[PDB]
Amino acid sequence: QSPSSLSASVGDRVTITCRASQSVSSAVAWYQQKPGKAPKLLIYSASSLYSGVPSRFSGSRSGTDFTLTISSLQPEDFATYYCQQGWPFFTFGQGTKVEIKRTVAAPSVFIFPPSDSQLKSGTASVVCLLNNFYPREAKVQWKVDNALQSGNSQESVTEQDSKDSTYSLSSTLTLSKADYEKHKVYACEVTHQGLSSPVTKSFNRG
Amino acid sequence: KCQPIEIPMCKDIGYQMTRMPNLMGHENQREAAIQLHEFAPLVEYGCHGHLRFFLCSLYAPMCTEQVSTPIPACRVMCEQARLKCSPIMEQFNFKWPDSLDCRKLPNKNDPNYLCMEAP
Amino acid sequence: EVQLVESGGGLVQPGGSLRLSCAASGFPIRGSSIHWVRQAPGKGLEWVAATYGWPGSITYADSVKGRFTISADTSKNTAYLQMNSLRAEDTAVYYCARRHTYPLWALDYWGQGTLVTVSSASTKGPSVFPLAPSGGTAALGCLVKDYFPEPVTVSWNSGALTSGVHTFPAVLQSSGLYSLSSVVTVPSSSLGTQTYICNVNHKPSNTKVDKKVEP
């Protein structure tokens with residue numbers, strides 16, 4: 001399915017488990033994948049370090065379990081990790097995405113009314129931007145004239161930034177031009193651990 | 001004369017040289033390696049830890065020049081390899097070819113043929 | 001030395017067919033083990049099909065068995081994955097990879113992947129709208145709305161603006177069309193002086209748009 005998440009700091013010791021059955025061989029490989037790149041081989045035959053892989057990586061099998069251990073987690077190590085079975089299954093396990101622990105940071109919140117270009121096209125899109133926050137968990141809630149919305153908006157989150165370890169989120173509320181001109185107040189309400197109270201960015205149509 | 005082992009799956013196997021033809025009929029090591037690749041899934045599955053050495057004993061038999069016969073692994077080694085690897089082959093069903101039938105290999109301390117054991 | 005390059009990706013409607021190409025250089029395809037591994041967006045790796053080298057031993061995953069078929073042609077030194085009766089679930093980036101045998105038994109070399117999109121949507125150009133500026137810092141961006149299929153690329157000031165840029169992952173709407181945002185934070189003191197243009201490129205529909213973002 002979707003990859004499991006694990007939050008860790010530099011220098012932490014991490015052991016990832018790949019549960020199988022004891023009817024599987026030890027020809028298990030471990031791969032590391034970063035966003036937008038192909039996986040890279042780390043460990044083969046459950047325990048053998050591939051060439052050019054740092055010594056802090058380690059593999060072992062114990063019964064039905066194969067494990068990957070990173071003895072001292074380094075900044076280049078934050079990525080997603082997959083185990084693969086040998087012949088004849090060749091099946092990959094669920095990936096484990098290791099993300100970096102950081103101090104709490106509140107988002108900067110911005111709202112963007114529809115352009116006049118788009119309104120002549122017949123639709124209206126309002127965009128709420130949440131910039132450079134931590135942790136990832138944020139709630140962006142649209143209110144149109146104080147009516148909470150659902151089913152007419154979509155969210156997107158960037159990967160953890162390589163320099164400040166924060167996340168950014170964009171939310172787009174989209175209405176017909178007809179419906180858009182039926183209402184006055186457009187607001188996104190942001191609730192986040194770094195915010196002492198929910199923050200509302202708003203504008204009035206016109 | 002002998003030749004250095006060139007079959008990739010028989011490198012670091014315990015001995016340094018081999019002679020063609022092997023015990024499978026192949027007349028060079030290239031053609032030997034290609035037909036050895038049929039058993040590569042079983043080497044990788046590890047149903048017996050000595051299967052690679054046993055297979056290399058036939059596909060790349062040891063050569064030293066003094067000994068005038070290609071030397072295979074002992075009967076003792078093959079039986080355990082076909083016993084412990086039979087369950088998984090039963091699943092896929094392709095059974096140990098009579099090319100590899102264990103009763104052709106000499107017993108250890110057999111009156112007419114010499115054998116090897118694994119490091 | 002070893003290198004694999006994928007081709008043949010693109011858009012297909014449900015029930016349609018596609019054939020991917022895996023061009024090998026640095027090693028012979030014949031007698032070699034090639035695996036196909038796909039990744040649906042935001043999901044994990046899924047092994048799909050594999051050869052162990054010889055014509056036999058061709059294996060498939062249950063999710064694709066019956067529908068996908070492996071081939072090769074040694075003259076071109078490329079392997080093939082014929083995909084038939086495609087469903088939207090098969091939407092993924094498709095990797096081909098060489099499985100080093102003894103002593104690795106691992107996929108040591110992968111291609112960069114090729115994107116396969118199975119959908120009833122049709123190729124459509126994006127509309128690019130400005131997100132107009134209005135913390136000592138101003139935010140602005142471009143809304144790239146209702147295109148299909150992936151991907152699009154966004155740059156700022158023809159690549160001269162990179163600091164503070166967030167291009168967000170595309171979202172797939174209930175319509176079946178894609179939409180994304182690209183934003184950048186700049187000093188508010190530079191708003192009436194500095195020009196900000198987002199450059200949008202949608203290769204599947206031959207769409208190039210440069211949009212100026214002004215207050």
# chains A, B, ... in the order shown; residues from 1 in each chain; ligands from 1
$ residues_around --residues "residue 215 of chain C" --least-positions-apart "5" --cutoff "9 Å" --atoms "only C-alpha atoms" --output "PyMOL selection string"
chain C and resi 132-134+191-192
$ residues_around --residues "segment 105-115 of chain A" --least-positions-apart "4" --cutoff "10 Å" --atoms "only C-alpha atoms" --output "ChimeraX atom specification"
/A:119-120,123-136,138,166-174,177,180,186-196,199-206 /C:129-135,138-141,143
$ interface_residues --of "chain A" --to "chain C" --cutoff "8 Å" --atoms "only C-alpha atoms" --output "PyMOL selection string"
chain A and resi 1-3+27-29+37-41+44-45+82+86+90-95+110+112-115+117-118+127+154-158+168-170
$ write_last_selection --atoms "C-alpha atoms" --output "PDB file, in the first residue's frame"
ATOM      1  CA  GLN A   1       0.000   0.000   0.000  1.00  0.00           C
ATOM      2  CA  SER A   2       1.084   3.525   0.824  1.00  0.00           C
ATOM      3  CA  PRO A   3       4.425   3.775   2.655  1.00  0.00           C
ATOM      4  CA  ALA A  27      18.136 -13.718  -0.991  1.00  0.00           C
ATOM      5  CA  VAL A  28      16.400 -10.579   0.310  1.00  0.00           C
ATOM      6  CA  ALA A  29      17.465  -7.183  -1.010  1.00  0.00           C
ATOM      7  CA  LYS A  37      14.277   8.814  -8.501  1.00  0.00           C
ATOM      8  CA  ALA A  38      14.664   5.126  -9.139  1.00  0.00           C
ATOM      9  CA  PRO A  39      15.396   2.830  -6.177  1.00  0.00           C
ATOM     10  CA  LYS A  40      19.025   2.132  -5.292  1.00  0.00           C
ATOM     11  CA  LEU A  41      20.333  -1.181  -3.988  1.00  0.00           C
ATOM     12  CA  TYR A  44      21.687  -8.030  -0.868  1.00  0.00           C
ATOM     13  CA  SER A  45      21.347 -11.575   0.493  1.00  0.00           C
ATOM     14  CA  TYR A  82      11.803  -1.366   0.638  1.00  0.00           C
ATOM     15  CA  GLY A  86      13.982 -13.629  -3.747  1.00  0.00           C
ATOM     16  CA  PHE A  90      10.186 -11.337  -5.818  1.00  0.00           C
ATOM     17  CA  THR A  91       7.610  -9.366  -3.847  1.00  0.00           C
ATOM     18  CA  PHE A  92       8.318  -5.964  -2.310  1.00  0.00           C
ATOM     19  CA  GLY A  93       7.153  -5.190   1.205  1.00  0.00           C
ATOM     20  CA  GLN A  94       5.517  -1.995   2.366  1.00  0.00           C
ATOM     21  CA  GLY A  95       7.918   0.918   2.145  1.00  0.00           C
ATOM     22  CA  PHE A 110      -1.968  33.206   2.323  1.00  0.00           C
ATOM     23  CA  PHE A 112      -5.483  33.977  -3.451  1.00  0.00           C
ATOM     24  CA  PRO A 113      -8.758  35.136  -5.070  1.00  0.00           C
ATOM     25  CA  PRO A 114      -9.659  33.898  -8.553  1.00  0.00           C
ATOM     26  CA  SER A 115      -7.968  35.708 -11.391  1.00  0.00           C
ATOM     27  CA  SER A 117      -8.759  35.455 -16.491  1.00  0.00           C
ATOM     28  CA  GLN A 118     -10.347  32.378 -14.930  1.00  0.00           C
ATOM     29  CA  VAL A 127      -6.067  29.002  -3.281  1.00  0.00           C
ATOM     30  CA  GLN A 154      -8.236  19.511  -3.136  1.00  0.00           C
ATOM     31  CA  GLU A 155      -4.981  19.541  -1.149  1.00  0.00           C
ATOM     32  CA  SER A 156      -1.331  18.937  -1.952  1.00  0.00           C
ATOM     33  CA  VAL A 157       1.753  18.766   0.284  1.00  0.00           C
ATOM     34  CA  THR A 158       5.366  19.145  -0.799  1.00  0.00           C
ATOM     35  CA  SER A 168       4.211  23.334   2.505  1.00  0.00           C
ATOM     36  CA  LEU A 169       0.582  22.816   1.560  1.00  0.00           C
ATOM     37  CA  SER A 170      -1.654  24.221  -1.171  1.00  0.00           C
TER      38      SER A 170
END
$ interface_residues --of "chain A" --to "chain B" --cutoff "8 Å" --atoms "only C-alpha atoms" --output "list in words"
residues 24, 25, 26, 27, 86, 87 and 88 of chain A
$ write_last_selection --atoms "N, CA and C atoms" --output "PDB file, in the first residue's frame"
ATOM      1  N   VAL A  24      10.683 -18.544   2.951  1.00  0.00           N
ATOM      2  CA  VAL A  24      11.317 -17.670   1.965  1.00  0.00           C
ATOM      3  C   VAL A  24      12.822 -17.743   2.165  1.00  0.00           C
ATOM      4  N   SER A  25      13.558 -17.665   1.060  1.00  0.00           N
ATOM      5  CA  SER A  25      15.011 -17.694   1.130  1.00  0.00           C
ATOM      6  C   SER A  25      15.557 -16.385   1.696  1.00  0.00           C
ATOM      7  N   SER A  26      16.855 -16.398   1.984  1.00  0.00           N
ATOM      8  CA  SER A  26      17.563 -15.223   2.461  1.00  0.00           C
ATOM      9  C   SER A  26      18.124 -14.363   1.334  1.00  0.00           C
ATOM     10  N   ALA A  27      17.696 -14.581   0.095  1.00  0.00           N
ATOM     11  CA  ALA A  27      18.136 -13.718  -0.991  1.00  0.00           C
ATOM     12  C   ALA A  27      17.332 -12.419  -1.000  1.00  0.00           C
ATOM     13  N   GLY A  86      13.266 -12.995  -2.640  1.00  0.00           N
ATOM     14  CA  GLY A  86      13.982 -13.629  -3.747  1.00  0.00           C
ATOM     15  C   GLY A  86      13.063 -14.546  -4.519  1.00  0.00           C
ATOM     16  N   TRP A  87      13.647 -15.422  -5.315  1.00  0.00           N
ATOM     17  CA  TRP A  87      12.873 -16.407  -6.095  1.00  0.00           C
ATOM     18  C   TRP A  87      12.123 -17.317  -5.122  1.00  0.00           C
ATOM     19  N   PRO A  88      10.863 -17.697  -5.378  1.00  0.00           N
ATOM     20  CA  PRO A  88      10.140 -17.269  -6.556  1.00  0.00           C
ATOM     21  C   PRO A  88       9.070 -16.194  -6.350  1.00  0.00           C
TER      22      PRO A  88
END
$ atom_distance --atom1 "atom CA of residue 62 of chain C" --atom2 "atom CA of residue 32 of chain A"
25.1 Å
